[PDB]
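Undergrad: Handing you this structure, nothing more for now.
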Amino acid sequence: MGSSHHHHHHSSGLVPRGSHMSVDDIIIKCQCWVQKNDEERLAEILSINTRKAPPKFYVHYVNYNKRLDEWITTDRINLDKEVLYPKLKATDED
(Lines give C-alpha, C1' and ligand atoms only; values in the text may rest on other atoms or scores of the structure.)
Protein backbone atom coordinates (compact mmCIF):
# COMPACT_ATOMS: atom_id res chain seq x y z
CA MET A 1 0.00 0.00 0.00
CA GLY A 2 0.95 3.67 0.11
CA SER A 3 0.65 6.81 2.21
CA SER A 4 -0.18 10.51 1.84
CA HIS A 5 2.90 11.97 0.15
CA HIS A 6 1.23 14.48 -2.18
CA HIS A 7 0.67 17.50 0.08
CA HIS A 8 2.26 20.41 -1.79
CA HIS A 9 1.19 24.05 -2.00
CA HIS A 10 1.75 26.93 -4.43
CA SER A 11 1.64 24.51 -7.36
CA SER A 12 1.94 25.88 -10.90
CA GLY A 13 0.53 24.67 -14.21
CA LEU A 14 -2.31 25.64 -16.54
CA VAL A 15 -2.73 23.07 -19.31
CA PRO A 16 -2.59 19.38 -18.32
CA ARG A 17 0.53 18.24 -20.17
CA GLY A 18 -0.45 14.64 -20.82
CA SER A 19 -3.05 13.69 -18.22
CA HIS A 20 -4.11 10.18 -17.17
CA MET A 21 -7.78 10.79 -17.97
CA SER A 22 -9.28 12.36 -21.09
CA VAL A 23 -12.58 13.51 -22.59
CA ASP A 24 -12.75 10.37 -24.73
CA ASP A 25 -14.62 8.82 -21.80
CA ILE A 26 -17.14 11.66 -21.69
CA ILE A 27 -20.45 11.79 -23.57
CA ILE A 28 -23.58 13.93 -23.67
CA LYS A 29 -26.10 13.83 -20.82
CA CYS A 30 -23.51 11.99 -18.73
CA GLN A 31 -23.10 12.24 -14.95
CA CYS A 32 -19.86 13.83 -13.75
CA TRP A 33 -18.83 14.04 -10.10
CA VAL A 34 -17.32 17.35 -8.97
CA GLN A 35 -14.48 16.94 -6.48
CA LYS A 36 -14.02 20.17 -4.52
CA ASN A 37 -10.98 21.10 -2.43
CA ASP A 38 -12.72 20.40 0.88
CA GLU A 39 -16.22 19.67 -0.42
CA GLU A 40 -18.13 17.25 -2.65
CA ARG A 41 -20.58 18.15 -5.41
CA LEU A 42 -22.14 16.58 -8.51
CA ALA A 43 -22.88 17.94 -11.98
CA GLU A 44 -24.00 16.80 -15.43
CA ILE A 45 -22.58 17.27 -18.93
CA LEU A 46 -24.86 18.93 -21.47
CA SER A 47 -22.38 20.05 -24.13
CA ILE A 48 -18.69 19.76 -24.96
CA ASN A 49 -16.35 22.35 -26.48
CA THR A 50 -13.06 21.42 -28.14
CA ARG A 51 -11.89 24.87 -29.22
CA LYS A 52 -9.78 25.81 -26.19
CA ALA A 53 -6.84 23.98 -24.62
CA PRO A 54 -7.59 22.27 -22.52
CA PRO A 55 -11.18 21.91 -23.80
CA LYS A 56 -14.19 23.10 -21.79
CA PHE A 57 -17.52 21.43 -21.06
CA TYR A 58 -21.00 22.69 -20.18
CA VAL A 59 -21.93 21.66 -16.64
CA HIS A 60 -25.52 21.54 -15.40
CA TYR A 61 -27.04 20.79 -11.99
CA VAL A 62 -30.33 18.96 -11.49
CA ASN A 63 -33.14 20.19 -9.24
CA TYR A 64 -31.30 23.52 -9.16
CA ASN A 65 -31.51 26.98 -10.71
CA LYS A 66 -30.01 27.90 -14.09
CA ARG A 67 -27.47 30.31 -12.61
CA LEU A 68 -25.43 27.23 -11.73
CA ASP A 69 -25.67 25.83 -15.26
CA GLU A 70 -22.45 27.20 -16.76
CA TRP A 71 -19.36 26.12 -18.70
CA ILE A 72 -16.08 25.09 -17.07
CA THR A 73 -12.84 23.26 -17.82
CA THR A 74 -11.55 19.78 -16.96
CA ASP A 75 -9.37 21.15 -14.16
CA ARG A 76 -12.53 21.03 -12.03
CA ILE A 77 -14.13 18.00 -13.68
CA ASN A 78 -12.47 14.67 -12.91
CA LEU A 79 -13.19 11.61 -15.05
CA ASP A 80 -12.78 9.11 -12.22
CA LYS A 81 -10.21 9.96 -9.55
CA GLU A 82 -7.45 12.53 -9.01
CA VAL A 83 -4.41 11.84 -11.18
CA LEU A 84 -1.07 11.75 -9.36
CA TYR A 85 2.02 12.73 -11.35
CA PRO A 86 5.72 13.34 -10.60
CA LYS A 87 7.03 16.83 -9.83
CA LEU A 88 10.40 18.48 -9.22
CA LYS A 89 11.54 21.46 -7.14
CA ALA A 90 12.55 24.83 -8.58
CA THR A 91 14.59 27.77 -7.28
CA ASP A 92 13.35 31.36 -7.05
CA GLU A 93 14.65 34.77 -5.98
CA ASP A 94 13.56 38.36 -5.32
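Please note that chains go A, B, ... in the order of the C-alpha coordinates, that every chain numbers its residues from 1, and that ligands are numbered from 1 in the order shown.
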Which neighbours of residue A:72 fall inside 10 Å, counting only C-alpha atoms, when residues of the same chain fewer than 6 positions from it are skipped, and could you give them as a short mmCIF file (atom, residue, chain, number, x, y, z; two decimals) with N, CA, C and O atoms, in the first residue's frame?
TA:
data_model
loop_
_atom_site.label_atom_id
_atom_site.label_comp_id
_atom_site.auth_asym_id
_atom_site.auth_seq_id
_atom_site.Cartn_x
_atom_site.Cartn_y
_atom_site.Cartn_z
N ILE A 48 -20.14 19.87 -25.03
CA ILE A 48 -18.69 19.76 -24.96
C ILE A 48 -18.02 20.64 -26.01
O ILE A 48 -18.36 20.58 -27.20
N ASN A 49 -17.07 21.45 -25.58
CA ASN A 49 -16.35 22.35 -26.48
C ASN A 49 -14.89 21.93 -26.62
O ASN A 49 -14.20 21.71 -25.63
N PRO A 55 -9.79 21.69 -23.40
CA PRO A 55 -11.18 21.91 -23.80
C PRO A 55 -12.10 22.15 -22.60
O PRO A 55 -11.80 21.73 -21.49
N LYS A 56 -13.22 22.81 -22.85
CA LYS A 56 -14.19 23.10 -21.79
C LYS A 56 -15.50 22.37 -22.04
O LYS A 56 -15.83 22.03 -23.17
N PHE A 57 -16.24 22.12 -20.96
CA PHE A 57 -17.52 21.43 -21.06
C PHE A 57 -18.62 22.20 -20.34
O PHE A 57 -18.35 22.96 -19.40
N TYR A 58 -19.86 22.01 -20.78
CA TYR A 58 -21.00 22.69 -20.18
C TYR A 58 -21.59 21.87 -19.04
O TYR A 58 -22.20 20.82 -19.27
N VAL A 59 -21.41 22.35 -17.82
CA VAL A 59 -21.93 21.66 -16.64
C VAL A 59 -23.35 22.12 -16.31
O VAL A 59 -23.70 23.28 -16.54
#
Undergrad: Just list as a list in words whatever in stretch 40-69 of chain A DSSP marks as strand (DSSP E).
TA: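 Assigned to strand (DSSP E), within stretch 40-69 of chain A: residues 40, 41, 42, 43, 44, 45, 46, 47, 48, 49, 56, 57, 58, 59 and 60 of chain A.
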Undergrad: Quick one: distance from atom CA of residue A:25 to atom CA of residue A:74 in Å, one decimal?
TA: 12.4 Å
Undergrad: Which residues come within 12 Å of residue A:35, counting only C-alpha atoms, excluding same-chain residues fewer than 2 positions away, as a list in words?
TA: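 Result of the neighbour search: residues 32, 33, 37, 38, 39, 40, 41, 42, 43, 74, 75, 76, 77, 78, 79, 80, 81 and 82 of chain A.
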Undergrad: Quick one: of A:63, A:91, A:31, A:19, who's nearest to residue A:45, counting only C-alpha atoms?
TA: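 Residue with the minimum atom-to-atom distance to residue A:45: A:31.
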Undergrad: Using only C-alpha atoms, pick whichever of A:29, A:8, A:60, A:67 has the shortest atom-to-atom distance to residue A:88.
TA: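 Using only C-alpha atoms, the shortest distance to residue A:88 belongs to A:8.
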Undergrad: For atom CA of residue A:50 and atom CA of residue A:10, determine how far apart the two atoms are, in Å to one decimal place.
TA: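 Value for the atom CA of residue A:50-atom CA of residue A:10 distance: 28.5 Å.
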Undergrad: Please measure the separation of atom CA of residue A:94 and atom CA of residue A:14, giving the value in Å to one decimal.
TA: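 Going from atom CA of residue A:94 over to atom CA of residue A:14, I get 23.2 Å.
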Undergrad: Can you pull out the residues contacting residue A:6? Cut-off 12 Å, using only C-alpha atoms, and skip same-chain residues under 4 positions away; I want them as a PDB file with N, CA and C atoms, in the first residue's frame.
TA:
ATOM      1  N   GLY A   2       0.219   2.415   0.097  1.00  0.00           N
ATOM      2  CA  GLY A   2       0.946   3.670   0.106  1.00  0.00           C
ATOM      3  C   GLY A   2       0.443   4.624   1.172  1.00  0.00           C
ATOM      4  N   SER A  11       1.344  25.276  -6.154  1.00  0.00           N
ATOM      5  CA  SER A  11       1.638  24.515  -7.363  1.00  0.00           C
ATOM      6  C   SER A  11       1.320  25.333  -8.611  1.00  0.00           C
ATOM      7  N   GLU A  82      -8.569  11.606  -8.844  1.00  0.00           N
ATOM      8  CA  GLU A  82      -7.453  12.529  -9.013  1.00  0.00           C
ATOM      9  C   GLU A  82      -6.230  11.808  -9.572  1.00  0.00           C
ATOM     10  N   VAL A  83      -5.590  12.421 -10.562  1.00  0.00           N
ATOM     11  CA  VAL A  83      -4.407  11.838 -11.185  1.00  0.00           C
ATOM     12  C   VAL A  83      -3.131  12.340 -10.516  1.00  0.00           C
ATOM     13  N   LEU A  84      -2.322  11.407 -10.027  1.00  0.00           N
ATOM     14  CA  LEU A  84      -1.069  11.753  -9.363  1.00  0.00           C
ATOM     15  C   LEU A  84       0.108  11.633 -10.327  1.00  0.00           C
ATOM     16  N   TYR A  85       0.865  12.715 -10.465  1.00  0.00           N
ATOM     17  CA  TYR A  85       2.020  12.731 -11.355  1.00  0.00           C
ATOM     18  C   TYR A  85       3.260  13.245 -10.629  1.00  0.00           C
ATOM     19  N   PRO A  86       4.442  12.924 -11.176  1.00  0.00           N
ATOM     20  CA  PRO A  86       5.722  13.344 -10.599  1.00  0.00           C
ATOM     21  C   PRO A  86       5.955  14.845 -10.738  1.00  0.00           C
ATOM     22  N   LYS A  87       6.727  15.408  -9.814  1.00  0.00           N
ATOM     23  CA  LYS A  87       7.030  16.833  -9.834  1.00  0.00           C
ATOM     24  C   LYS A  87       8.392  17.108  -9.206  1.00  0.00           C
TER      25      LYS A  87
END
Undergrad: Name the closest residue to residue A:54 among the candidates A:93, A:3, A:9, A:17; distances are taken between atoms, counting only C-alpha atoms.
TA: A:17
Undergrad: So that I can check the surroundings of residue A:30, please list as an NGL selection string every protein, DNA and RNA residue that reaches within 6 Å of it, counting only C-alpha atoms and ignoring chain neighbours fewer than 2 positions away.
TA: :A and (27-28 or 44-45)
